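S.K.: Quick one: the structure is below, questions incoming.
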Amino acid sequence: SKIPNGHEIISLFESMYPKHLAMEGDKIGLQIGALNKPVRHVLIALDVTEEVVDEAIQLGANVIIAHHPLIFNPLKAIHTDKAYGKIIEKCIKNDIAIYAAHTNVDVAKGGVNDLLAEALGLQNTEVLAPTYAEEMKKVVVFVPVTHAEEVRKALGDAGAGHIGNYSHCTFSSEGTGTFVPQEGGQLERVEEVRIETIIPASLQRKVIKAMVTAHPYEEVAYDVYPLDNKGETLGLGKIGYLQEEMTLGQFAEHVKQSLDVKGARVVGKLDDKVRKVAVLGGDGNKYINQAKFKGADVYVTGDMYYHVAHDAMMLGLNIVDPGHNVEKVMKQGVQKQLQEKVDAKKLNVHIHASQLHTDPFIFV
Amino acid sequence: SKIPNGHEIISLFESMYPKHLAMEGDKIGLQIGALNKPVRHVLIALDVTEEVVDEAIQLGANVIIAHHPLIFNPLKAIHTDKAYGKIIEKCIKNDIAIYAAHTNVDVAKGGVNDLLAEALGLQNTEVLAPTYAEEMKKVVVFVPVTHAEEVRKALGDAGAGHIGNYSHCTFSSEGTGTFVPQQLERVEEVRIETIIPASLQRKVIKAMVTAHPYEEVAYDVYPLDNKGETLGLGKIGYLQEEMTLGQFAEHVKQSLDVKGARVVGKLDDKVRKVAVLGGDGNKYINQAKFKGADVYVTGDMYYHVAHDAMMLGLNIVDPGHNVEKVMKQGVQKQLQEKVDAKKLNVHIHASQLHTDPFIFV
Amino acid sequence: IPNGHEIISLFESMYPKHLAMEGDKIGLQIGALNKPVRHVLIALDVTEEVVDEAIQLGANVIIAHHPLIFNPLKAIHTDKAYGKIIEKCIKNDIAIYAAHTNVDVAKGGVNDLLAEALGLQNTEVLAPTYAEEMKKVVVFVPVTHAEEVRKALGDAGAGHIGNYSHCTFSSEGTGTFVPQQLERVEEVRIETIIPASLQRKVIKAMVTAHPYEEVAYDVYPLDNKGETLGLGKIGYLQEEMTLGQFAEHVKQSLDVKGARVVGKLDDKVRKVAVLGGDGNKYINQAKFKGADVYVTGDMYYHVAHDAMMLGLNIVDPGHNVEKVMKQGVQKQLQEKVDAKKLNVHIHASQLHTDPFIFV
Amino acid sequence: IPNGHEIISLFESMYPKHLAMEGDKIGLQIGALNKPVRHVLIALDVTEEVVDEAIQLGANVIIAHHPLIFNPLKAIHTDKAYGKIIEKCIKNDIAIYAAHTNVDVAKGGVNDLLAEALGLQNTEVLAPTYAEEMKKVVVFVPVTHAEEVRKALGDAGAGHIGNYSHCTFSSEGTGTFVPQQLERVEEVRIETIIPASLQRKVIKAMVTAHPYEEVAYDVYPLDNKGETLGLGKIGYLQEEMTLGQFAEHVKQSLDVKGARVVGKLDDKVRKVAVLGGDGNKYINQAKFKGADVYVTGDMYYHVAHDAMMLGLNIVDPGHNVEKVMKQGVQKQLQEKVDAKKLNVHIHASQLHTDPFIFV
Ligand SMILES: [Zn+2]
Ligand SMILES: [Zn+2]
Ligand SMILES: [Zn+2]
Ligand SMILES: [Zn+2]
Ligand SMILES: [Zn+2]
Ligand SMILES: [Zn+2]
Ligand SMILES: [Zn+2]
Ligand SMILES: [Zn+2]
């Protein structure tokens with residue numbers, strides 16, 4: 001086993017939560033410290049409070065992966081006399097790296113919103129509010145029949161032609177290519193195979209490199225066509241169906257047990273029937289129209305504003321607000337996912353899920 | 001025959017004047033009321049003044065389709081003591097729905113500008129200010145050899161592959177496909193390609209997929225550089241015979257039925273190529289002139305813009321913005337023709353009220 | 001005896017307007033171009049002295065690297081030095097054409113000139129700004145004429161990529177059609193790549209050679225890019241030198257009496273980035289591309305400190321060092337005009353316009 | 001043994017925060033000030049070397065002319081040179097206080113220092129930025145105590161204008177009141193001018209001296225202005241010199257190895273404008289105020305051409321020439337701290353932080 005550096009770990013985290021998934025104006029990535037150093041232990045956090053930093057010190061963790069950015073507004077100053085400046089100071093003095101994974105963990109499959117849908121027992125889920133759809137490309141490559149099969153394998157293994165429940169999708173037809181080699185007017189002609197395969201733009205670099213390697217030629221002719229086809233839609237929140245119909249009052253209880261909270265606020269008549277549920281961890285005030293358009297009976301989200309809640313009653317949308325802190329499910333979730341990746345790659349790192357409770361609110 | 005609801009009528013209207021054609025920032029669509037109600041009479045209006053509302057009420061029209069949005073500036077208040085708030089109040093209290101059809105009516109074929117150009121007698125008209133080109137797509141589908149022939153009929157039956165004097169154009173290549181369901185798998189397939197305008201995309205792709213074996217169809221949609229017809233604001237075309245600027249200005253008054261007009265340019269100058277754009281066309285004097293217009297017909301001509309026109313060497317006849325009134329009988333005919341085809345018993349009316357605020361003296 | 005229009009058309013084929021950056025002020029700034037033109041003056045800055053030189057030469061067009069009108073004019077004040085430059089251009093019918101960042105970007109431009117003047121080897125673009133679009137042309141042809149069509153396509157310049165020319169790929173298949181009972185024909189689908197700019201010419205040649213009046217062809221946008229152009233160049237000295245001697249080498253090469261240096265005169269230098277004009281924006285790109293030193297003008301204090309923190313050395317010979325573009329463009333434009341057998345003389349302003357004197 | 005707070009309070013009485021320009025970044029940038037402080041380091045730029053000097057001195061406060069944090073931090077990257085400066089300030093509990101344009105503006109500031117270093121006579125502010133507000137205080141007093149009240153007013157600093165002190169104007173008249181039938185009394189209306197800053201002190205003294213518990217007084221805003229402060233200084237050399245010798249005189253006076261000059265080395269120079277830092281914005285003001293030459297740093301090419309067109313000469317010794325503010329402020333701050341009998345040592349960074357070396 002090898003002790004990895006921060007960059008390697010981070011590079012394996014980003015395989016599951018890429019930075020292009022993050023939303024317009026979001027603040028993610030390395031925020032404090034450096035990653036070019038041996039990392040024996042990592043901490044997954046929701047909020048980087050001072051008590052969370054104390055925890056990282058008692059564990060020997062020199063990298064904290066947090067969901068909410070520690071620096072959100074850019075720092076005009078670092079006041080060590082203040083609670084906030086003391087967190088940055090504690091991180092800096094103790095060589096602790098702080099990495100933010102914000103909206104990219106909200107948007108990605110297996111992220112906050114999937115974790116909350118599972119927790120709730122929701123079935124047949126769909127993205128609630130689409131924010132990202134990968135641009136698709138058609139790669140067409142020309143290869144002699146001697147190397148055609150080898151080139152298809154390389155494209156496939158590298159992830160090209162992986163749409164739905166089928167992988168290694170390609171199409172090949174035979175034809176003739178012409179060329180006139182130049183200085184360094186003789187018309188040549190060669191029977192060839194035209195191989196085409198679809199790719200998501202993010203896989204372009206890796207797929208082209210594998211293709212070129214397998215290809216017997218040094219100078220390779222291939223085309224990349226942009227297509228109108230989009231990849232799987234990704235976005236904020238999930239909308240799905242409960243296993244059985246319930247009233248809002250008992251659904252609300254189910255949210256409490258299910259999401260481990262002592263209290264919640266509910267908008268709507270507690271005796272109304274609810275079957276399809278929308279959930280969006282964090283501040284989801286902006287998606288009440290989407291939730292209703294998609295047909296939700298109830299919407300589970302945090303930070304519900306008074307005026308937005310009147311807007312929701314007017315739409316005919318029920319709401320259960322278990323608090324923004326229910327996104328805490330992301331710690332144990334990311335901890336599993338990440339431990340799994342570092343174990344698959346023989347790395348000697350222990351990942352931890354912060355135990356500290358960081359909900360600023362107590363229901364009385 | 002049966003009585004339609006507002007949404008059915010509005011669908012038919014929108015098939016001729018698609019909403020996507022409106023300028024960014026325009027205010028179009030349902031502005032007041034609801035459309036999920038029976039509609040026996042519809043009134044077509046340019047401006048929704050209070051008398052137009054009295055006219056609908058009198059006809060029993062519970063939908064008014066208007067060219068100029070009743071609500072343009074969003075409402076901070078509804079002051080029923082002011083004339084504007086009285087109009088809104090009147091619509092609300094008599095359950096009249098107001099629907100706006102603004103720049104989409106200026107941009108579409110058969111719209112305001114085609115109507116004004118036809119009224120002026122213009123030949124060989126072209127779009128004055130391009131705003132929309134339909135985009136073409138190449139559709140490529142993979143069908144097993146056994147149903148390839150059917151899929152091509154299917155695609156061609158929905159109009160894909162109409163190139164000049166030929167129809168049902170598709171090209172098919174024999175090849176081999178590979179895939180792995182989650183082992184080495186090969187199928188002999190046919191790659192079929194056909195060209196469609198983007199409007200036919202949803203239709204053609206239904207007729208392809210439904211007529212396809214796997215139903216979990218492998219197909220690609222390529223954007224092409226090839227474009228379809230161009231749409232935009234205003235028309236530019238030619239008079240049947242040459243005339244002076246003064247004769248042409250008199251032609252405008254007769255054609256568009258106005259009592260006075262304002263002319264910029266020498267009345268003795270000869271005119272042959274005419275540009276026209278109903279409404280406020282100040283921003284297009286340059287475009288008019290770049291296209292060889294001897295004279296531009298538009299409304300709301302402003303001082304410094306008229307002086308800009310003189311400098312360019314472009315003559316202008318301003319018969320007023322109100323000449324867009326031609327849209328009332330135009331849309332009425334188009335819409336009554338449509339509703340009668342679908343067998344809906346609804347009467348479409350054109351507002352008989354003169355709404356030009358200006359009187360020439 | 002040609003027009004300004006024909007002479008500027010030849011200039012633009014070498015320095016296209018689309019190469020220019022976001023809010024650049026290029027093109028005809030003062031005057032008219034539909035006038036007979038016997039002499040053309042190439043300049044960096046249009047100073048009143050440069051306008052006098054033009055008058056003395058009998059030149060009625062000045063092509064300048066720096067736009068005379070950069071900020072739009074709220075007035076033309078004739079008792080002010082600036083209004084007087086404008087005044088005499090007008091009174092002596094001198095047309096002022098601006099060629100700014102297109103000359104910074106294009107081949108043989110300001111940065112190619114500085115790089116070759118510094119003796120840099122294996123140069124690459126520093127900061128990419130343009131890449132020409134490529135398209136895929138696909139045409140359907142009966143077998144009997146496929147070869148004629150491919151030849152037309154290649155002779156016209158399609159499929160000219162890398163060390164190869166006349167590259168096409170043809171597949172045989174079935175085309176169906178119902179002439180105004182589906183008819184079917186064996187056909188050839190020929191595809192070939194083109195740069196966007198060759199489209200009209202290639203299509204025209206392909207159509208002429210096609211056996212039919214109705215030609216079915218498609219033009220696809222590709223993500224493939226043509227050649228990359230940009231700002232500045234990064235390359236290598238033939239031999240390693242200290243920062244101190246490289247700095248002298250810059251003064252000798254670019255003929256400047258002085259230069260300001262950021263970094264240790266004693267440390268070693270081999271890879272050099274250069275960008276004429278104000279290149280404060282690009283220190284990061286320079287360091288990232290591996291430059292041991294960056295030659296640029298107008299270096300600001302706080303940006304020199306940033307450069308230092310990056311571990312990037314600087315030699316600042318002044319922005320005026322772009323003067324190379326004067327004899328550069330003159331040579332390139334005289335070659336174009338002579339090839340077109342036009343009787344015009346292109347002159348490069350001789351006037352020194354660096355405001356700075358080093359003490 | 002004092003706090004950072006008490007030491008910074010003394011600094012601010014000399015360099016107030018309100019003097020600073022629009023979007024300036026001043027005040028405590030990193031650290032805390034409620035810590036015992038034995039040594040203070042004055043710096044221009046907070047480079048990693050300057051932080052090391054502080055550590056070596058045992059200084060836990062650095063007052064710098066250039067804000068260490070100018071652009072707000074989106075991150076603190078510890079493997080980057082900039083993040084490392086920030087890292088060690090934090091790890092060694094060094095507080096970084098920024099004193100920017102208030103030090104450019106205040107008396108004895110960067111521009112007073114440069115002017116006196118150049119030996120300029122009869123200096124005036126170049127570009128006005130601040131003028132203290134004046135108020136008129138009017139108080140009503142019975143005749144028997146009018147004189148006591150006026151004396152209180154003057155001893156407290158009211159009516160101190162020009163070469164005069166204790167200036168008041170008193171009028172006699174009738175005051176009416178209905179105590180909780182109008183009552184009337186002969187009274188004196190005393191008026192006097194004050195600077196806005198003396199208000200609390202003056203009012204407090206006036207009230208104490210007034211014979212009554214209820215004091216009727218008014219404070220009026222006036223358009224009268226106090227002393228004007230601003231950017232740069234304009235003044236005269238003791239004797240006329242050529243532009244070439246003035247340029248040497250600048251290198252000798254400001255201890256710089258090089259300078260860039262705009263203008264003819266041979267023409268005559270007498271009135272000089274100076275502005276430390278980046279003074280590109282002010283060439284117009286300099287010329288309008290009659291400067292025969294303008295000393296400033298960071299001169300940009302196109303702005304030198306503008307200067308030329310104005311007929312304004314320039315000597316550019318670099319922005320680093322503001323280093324004078326280091327021993328300047330140290331001297332001024334040591335004098336304040338010693339007067340308050342505080343046992344603190346103020347040190348001026350010895351490190352040379354000019355990134356430019358002239359070749
Ligand atoms: Zn959150
Ligand atoms: Zn979140
Ligand atoms: Zn209109
Ligand atoms: Zn209108
Ligand atoms: Zn330049
Ligand atoms: Zn340049
Ligand atoms: Zn400064
Ligand atoms: Zn300063």
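The chains in the structure tokens are called A, B, ... from first to last as shown; in each chain the residues are counted from 1, and the ligands are counted from 1 in the order shown.
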Please identify every polymer residue within 7 Å of ligand 5, using only C-alpha atoms and all ligand atoms, and present the set as a PyMOL selection string.
M.R.: chain C and resi 65-66+276-278+319+322
S.K.: Residues within 8 Å of ligand 3 (only C-alpha atoms and all ligand atoms), as a PyMOL selection string?
M.R.: chain B and resi 67-68+102-103+105-106+112+278-280+324
S.K.: Save the residues we just selected, N, CA, C and O atoms, as a PDB file, in the first residue's frame?
M.R.:
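Written out: selection14.pdb:
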ATOM      1  N   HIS B  67     -52.853  42.685 -31.280  1.00  0.00           N
ATOM      2  CA  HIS B  67     -51.473  42.791 -31.753  1.00  0.00           C
ATOM      3  C   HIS B  67     -50.599  43.545 -30.749  1.00  0.00           C
ATOM      4  O   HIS B  67     -49.458  43.164 -30.465  1.00  0.00           O
ATOM      5  N   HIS B  68     -51.127  44.638 -30.223  1.00  0.00           N
ATOM      6  CA  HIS B  68     -50.387  45.408 -29.262  1.00  0.00           C
ATOM      7  C   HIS B  68     -50.780  44.961 -27.895  1.00  0.00           C
ATOM      8  O   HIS B  68     -51.957  45.027 -27.545  1.00  0.00           O
ATOM      9  N   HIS B 102     -47.805  39.870 -30.588  1.00  0.00           N
ATOM     10  CA  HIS B 102     -47.144  41.088 -31.038  1.00  0.00           C
ATOM     11  C   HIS B 102     -46.134  40.888 -32.156  1.00  0.00           C
ATOM     12  O   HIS B 102     -46.549  40.784 -33.308  1.00  0.00           O
ATOM     13  N   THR B 103     -44.840  40.805 -31.833  1.00  0.00           N
ATOM     14  CA  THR B 103     -43.807  40.659 -32.855  1.00  0.00           C
ATOM     15  C   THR B 103     -43.821  39.342 -33.628  1.00  0.00           C
ATOM     16  O   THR B 103     -43.213  39.253 -34.706  1.00  0.00           O
ATOM     17  N   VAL B 105     -46.565  38.237 -34.873  1.00  0.00           N
ATOM     18  CA  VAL B 105     -47.428  38.666 -35.982  1.00  0.00           C
ATOM     19  C   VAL B 105     -46.659  39.549 -36.983  1.00  0.00           C
ATOM     20  O   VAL B 105     -46.971  39.550 -38.172  1.00  0.00           O
ATOM     21  N   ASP B 106     -45.644  40.283 -36.524  1.00  0.00           N
ATOM     22  CA  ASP B 106     -44.808  41.038 -37.446  1.00  0.00           C
ATOM     23  C   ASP B 106     -43.853  40.134 -38.208  1.00  0.00           C
ATOM     24  O   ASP B 106     -43.572  40.399 -39.377  1.00  0.00           O
ATOM     25  N   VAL B 112     -48.256  40.955 -40.539  1.00  0.00           N
ATOM     26  CA  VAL B 112     -48.386  42.398 -40.761  1.00  0.00           C
ATOM     27  C   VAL B 112     -47.634  42.905 -41.954  1.00  0.00           C
ATOM     28  O   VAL B 112     -48.169  43.636 -42.777  1.00  0.00           O
ATOM     29  N   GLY B 278     -44.256  47.763 -40.568  1.00  0.00           N
ATOM     30  CA  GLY B 278     -45.323  48.359 -39.762  1.00  0.00           C
ATOM     31  C   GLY B 278     -44.903  48.592 -38.331  1.00  0.00           C
ATOM     32  O   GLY B 278     -44.127  47.822 -37.768  1.00  0.00           O
ATOM     33  N   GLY B 279     -45.400  49.661 -37.728  1.00  0.00           N
ATOM     34  CA  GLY B 279     -44.986  49.958 -36.366  1.00  0.00           C
ATOM     35  C   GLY B 279     -43.831  50.947 -36.333  1.00  0.00           C
ATOM     36  O   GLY B 279     -43.720  51.774 -37.219  1.00  0.00           O
ATOM     37  N   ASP B 280     -42.998  50.872 -35.297  1.00  0.00           N
ATOM     38  CA  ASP B 280     -41.868  51.778 -35.104  1.00  0.00           C
ATOM     39  C   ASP B 280     -40.666  51.155 -35.828  1.00  0.00           C
ATOM     40  O   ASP B 280     -40.146  50.109 -35.405  1.00  0.00           O
ATOM     41  N   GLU B 324     -50.857  49.210 -39.250  1.00  0.00           N
ATOM     42  CA  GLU B 324     -50.814  47.804 -38.814  1.00  0.00           C
ATOM     43  C   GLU B 324     -52.233  47.258 -38.634  1.00  0.00           C
ATOM     44  O   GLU B 324     -52.424  46.066 -38.420  1.00  0.00           O
TER      45      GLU B 324
END
S.K.: Compute the chain B side of the contact with chain A at 10 Å, counting only C-alpha atoms, and hand it back as an MDAnalysis selection string.
M.R.: chainID B and resid 137:138 142 173:182 184:191 216 218:224
S.K.: Keeping only N, CA and C atoms, write the selected residues to a file as a PDB file, in the first residue's frame.
M.R.:
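Wrote it out as out.pdb, contents follow:
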ATOM      1  N   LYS B 137     -31.681  19.585 -39.903  1.00  0.00           N
ATOM      2  CA  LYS B 137     -30.992  18.510 -39.217  1.00  0.00           C
ATOM      3  C   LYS B 137     -30.916  17.289 -40.099  1.00  0.00           C
ATOM      4  N   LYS B 138     -29.835  16.532 -39.945  1.00  0.00           N
ATOM      5  CA  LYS B 138     -29.699  15.246 -40.574  1.00  0.00           C
ATOM      6  C   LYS B 138     -30.028  14.253 -39.469  1.00  0.00           C
ATOM      7  N   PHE B 142     -30.366   3.590 -36.803  1.00  0.00           N
ATOM      8  CA  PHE B 142     -29.840   2.254 -37.024  1.00  0.00           C
ATOM      9  C   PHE B 142     -30.961   1.243 -36.862  1.00  0.00           C
ATOM     10  N   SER B 173     -26.670   2.769 -45.689  1.00  0.00           N
ATOM     11  CA  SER B 173     -25.388   2.077 -45.789  1.00  0.00           C
ATOM     12  C   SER B 173     -25.433   0.793 -44.983  1.00  0.00           C
ATOM     13  N   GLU B 174     -24.920  -0.284 -45.560  1.00  0.00           N
ATOM     14  CA  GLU B 174     -24.833  -1.531 -44.830  1.00  0.00           C
ATOM     15  C   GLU B 174     -23.563  -1.511 -43.996  1.00  0.00           C
ATOM     16  N   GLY B 175     -23.717  -1.904 -42.738  1.00  0.00           N
ATOM     17  CA  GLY B 175     -22.596  -1.954 -41.819  1.00  0.00           C
ATOM     18  C   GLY B 175     -22.861  -2.925 -40.690  1.00  0.00           C
ATOM     19  N   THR B 176     -21.954  -2.951 -39.725  1.00  0.00           N
ATOM     20  CA  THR B 176     -22.105  -3.818 -38.561  1.00  0.00           C
ATOM     21  C   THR B 176     -22.036  -3.042 -37.246  1.00  0.00           C
ATOM     22  N   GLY B 177     -22.994  -3.309 -36.372  1.00  0.00           N
ATOM     23  CA  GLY B 177     -23.041  -2.627 -35.093  1.00  0.00           C
ATOM     24  C   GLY B 177     -22.543  -3.542 -34.004  1.00  0.00           C
ATOM     25  N   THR B 178     -22.067  -2.954 -32.912  1.00  0.00           N
ATOM     26  CA  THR B 178     -21.620  -3.722 -31.767  1.00  0.00           C
ATOM     27  C   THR B 178     -22.192  -3.098 -30.508  1.00  0.00           C
ATOM     28  N   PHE B 179     -22.384  -3.927 -29.490  1.00  0.00           N
ATOM     29  CA  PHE B 179     -22.880  -3.487 -28.184  1.00  0.00           C
ATOM     30  C   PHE B 179     -22.699  -4.588 -27.121  1.00  0.00           C
ATOM     31  N   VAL B 180     -22.702  -4.193 -25.852  1.00  0.00           N
ATOM     32  CA  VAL B 180     -22.630  -5.153 -24.755  1.00  0.00           C
ATOM     33  C   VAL B 180     -23.705  -4.753 -23.744  1.00  0.00           C
ATOM     34  N   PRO B 181     -24.645  -5.678 -23.442  1.00  0.00           N
ATOM     35  CA  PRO B 181     -25.714  -5.462 -22.454  1.00  0.00           C
ATOM     36  C   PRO B 181     -25.235  -5.734 -21.028  1.00  0.00           C
ATOM     37  N   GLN B 182     -25.466  -4.776 -20.124  1.00  0.00           N
ATOM     38  CA  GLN B 182     -25.022  -4.905 -18.721  1.00  0.00           C
ATOM     39  C   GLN B 182     -26.182  -4.974 -17.740  1.00  0.00           C
ATOM     40  N   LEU B 184     -18.932 -10.200 -26.254  1.00  0.00           N
ATOM     41  CA  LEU B 184     -18.790  -9.670 -27.636  1.00  0.00           C
ATOM     42  C   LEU B 184     -20.017  -9.771 -28.580  1.00  0.00           C
ATOM     43  N   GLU B 185     -20.717  -8.665 -28.840  1.00  0.00           N
ATOM     44  CA  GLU B 185     -21.911  -8.762 -29.715  1.00  0.00           C
ATOM     45  C   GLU B 185     -21.923  -7.977 -31.036  1.00  0.00           C
ATOM     46  N   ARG B 186     -22.302  -8.651 -32.128  1.00  0.00           N
ATOM     47  CA  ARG B 186     -22.368  -8.037 -33.467  1.00  0.00           C
ATOM     48  C   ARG B 186     -23.739  -8.222 -34.137  1.00  0.00           C
ATOM     49  N   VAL B 187     -24.209  -7.163 -34.793  1.00  0.00           N
ATOM     50  CA  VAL B 187     -25.473  -7.150 -35.527  1.00  0.00           C
ATOM     51  C   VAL B 187     -25.145  -6.596 -36.899  1.00  0.00           C
ATOM     52  N   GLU B 188     -25.803  -7.093 -37.944  1.00  0.00           N
ATOM     53  CA  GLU B 188     -25.707  -6.456 -39.249  1.00  0.00           C
ATOM     54  C   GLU B 188     -26.855  -5.454 -39.249  1.00  0.00           C
ATOM     55  N   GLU B 189     -26.516  -4.179 -39.419  1.00  0.00           N
ATOM     56  CA  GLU B 189     -27.493  -3.104 -39.394  1.00  0.00           C
ATOM     57  C   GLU B 189     -27.421  -2.229 -40.604  1.00  0.00           C
ATOM     58  N   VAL B 190     -28.395  -1.338 -40.693  1.00  0.00           N
ATOM     59  CA  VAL B 190     -28.439  -0.360 -41.749  1.00  0.00           C
ATOM     60  C   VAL B 190     -28.452   0.984 -41.055  1.00  0.00           C
ATOM     61  N   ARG B 191     -27.597   1.885 -41.531  1.00  0.00           N
ATOM     62  CA  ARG B 191     -27.506   3.258 -41.078  1.00  0.00           C
ATOM     63  C   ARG B 191     -28.286   4.080 -42.086  1.00  0.00           C
ATOM     64  N   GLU B 216     -36.138   0.993 -28.276  1.00  0.00           N
ATOM     65  CA  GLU B 216     -35.067   1.600 -27.496  1.00  0.00           C
ATOM     66  C   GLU B 216     -34.053   1.964 -28.586  1.00  0.00           C
ATOM     67  N   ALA B 218     -31.536   3.524 -31.463  1.00  0.00           N
ATOM     68  CA  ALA B 218     -30.231   4.164 -31.561  1.00  0.00           C
ATOM     69  C   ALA B 218     -30.290   5.146 -32.733  1.00  0.00           C
ATOM     70  N   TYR B 219     -30.356   6.437 -32.425  1.00  0.00           N
ATOM     71  CA  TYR B 219     -30.430   7.455 -33.463  1.00  0.00           C
ATOM     72  C   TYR B 219     -29.678   8.719 -33.052  1.00  0.00           C
ATOM     73  N   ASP B 220     -29.147   9.425 -34.045  1.00  0.00           N
ATOM     74  CA  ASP B 220     -28.404  10.657 -33.805  1.00  0.00           C
ATOM     75  C   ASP B 220     -29.049  11.793 -34.558  1.00  0.00           C
ATOM     76  N   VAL B 221     -28.921  12.985 -34.008  1.00  0.00           N
ATOM     77  CA  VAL B 221     -29.442  14.169 -34.658  1.00  0.00           C
ATOM     78  C   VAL B 221     -28.324  15.198 -34.849  1.00  0.00           C
ATOM     79  N   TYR B 222     -27.951  15.409 -36.109  1.00  0.00           N
ATOM     80  CA  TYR B 222     -26.875  16.312 -36.460  1.00  0.00           C
ATOM     81  C   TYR B 222     -27.395  17.651 -36.906  1.00  0.00           C
ATOM     82  N   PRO B 223     -26.822  18.739 -36.374  1.00  0.00           N
ATOM     83  CA  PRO B 223     -27.138  20.056 -36.871  1.00  0.00           C
ATOM     84  C   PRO B 223     -26.381  20.269 -38.187  1.00  0.00           C
ATOM     85  N   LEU B 224     -27.042  20.836 -39.178  1.00  0.00           N
ATOM     86  CA  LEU B 224     -26.383  21.072 -40.450  1.00  0.00           C
ATOM     87  C   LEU B 224     -26.174  22.566 -40.669  1.00  0.00           C
TER      88      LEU B 224
END
S.K.: Counting only C-alpha atoms, which of C:292, C:186, C:338, C:227 gets nearest to chain B?
M.R.: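 Closest to chain B, using only C-alpha atoms: C:186.
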S.K.: May I ask you to write as a list in words all residues lying at most 10 Å from ligand 6, with only C-alpha atoms and all ligand atoms counted?
M.R.: residues 44, 65, 66, 99, 100, 101, 102, 103, 104, 105, 109, 110, 111, 231, 232, 275, 276, 277, 278, 279, 319, 320, 321, 322, 323 and 325 of chain C
S.K.: Expressed in Å to a single decimal, how great is the separation between atom CA of residue C:69 and atom CA of residue C:33?
M.R.: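 Here the two named atoms are 17.3 Å from each other.
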S.K.: Go through A:199, A:252, A:139, A:105 one by one, measure the shortest atom-to-atom distance of each to ligand 1 using only C-alpha atoms and all ligand atoms, and give the residue with the smallest value.
M.R.: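 Ranked by minimum distance to ligand 1, first place goes to A:105.
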S.K.: For chain C, which residues have at least one atom within 7 Å of chain B, if we go by only C-alpha atoms? Write them as a ChimeraX atom specification, please.
M.R.: /C:172-180,218-221
S.K.: Pull C-alpha atoms from the residues just selected and write them as a short mmCIF file (atom, residue, chain, number, x, y, z; two decimals), in the first residue's frame.
M.R.:
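See part_3.cif below for the written result:
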data_model
loop_
_atom_site.label_atom_id
_atom_site.label_comp_id
_atom_site.auth_asym_id
_atom_site.auth_seq_id
_atom_site.Cartn_x
_atom_site.Cartn_y
_atom_site.Cartn_z
CA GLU C 172 -21.58 2.72 -51.34
CA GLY C 173 -25.23 2.39 -50.42
CA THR C 174 -28.83 2.85 -51.47
CA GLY C 175 -30.57 6.17 -51.98
CA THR C 176 -34.38 6.31 -52.23
CA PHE C 177 -36.54 9.03 -53.94
CA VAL C 178 -40.12 9.67 -55.17
CA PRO C 179 -39.87 12.01 -58.27
CA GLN C 180 -42.39 14.90 -58.55
CA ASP C 218 -24.81 18.37 -46.69
CA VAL C 219 -22.42 20.62 -44.79
CA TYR C 220 -21.83 19.58 -41.18
CA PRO C 221 -20.24 21.70 -38.47
#
